[PDB]
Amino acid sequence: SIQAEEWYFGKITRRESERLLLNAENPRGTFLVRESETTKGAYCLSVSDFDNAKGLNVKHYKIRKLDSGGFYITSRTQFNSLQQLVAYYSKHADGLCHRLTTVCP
């Protein structure tokens, strides 16, 4: 049940996920998955990053759901569950700003 997943944060707002991730305590790659407020039916992967110019910043990647079942962020690979997606990007960035290292506290 994804409601009980560590990394899943439900209907928190875009602003609240940024408030949770932009924090000195979080590694580059701290992340969370939530519902998109702007696109019903889509999810969103928010990831903390750090670039020298802007400091700590958050990038948000939409996650679309295939009507047939899976989930995707790019045309390179698709996944049968959000857990599977979270695991692939924990191993390879594959276009994301950073590999998912840490689940947002």
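Numbers for residues come from their place in the sequence shown, where the first is 1. Rigid core (definition): largest C-alpha set, two forms, superposition within 1.5 Å.
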{"query": "Comparing 29-37 and 76-84 where Cα RMS over structures and residues is taken in 7 other deposited structures of this protein (core fit), larger one", "finding": "76-84"}
{"query": "Greater mean Cα temperature factor according to the PDB record, 47-55 or 24-32", "finding": "47-55"}
{"query": "Higher-B stretch (mean Cα B-factor, as the entry records it), 84-92 or 5-13", "finding": "84-92"}
{"query": "Lowest, middle or highest third - CA B-factor, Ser68", "finding": "highest"}
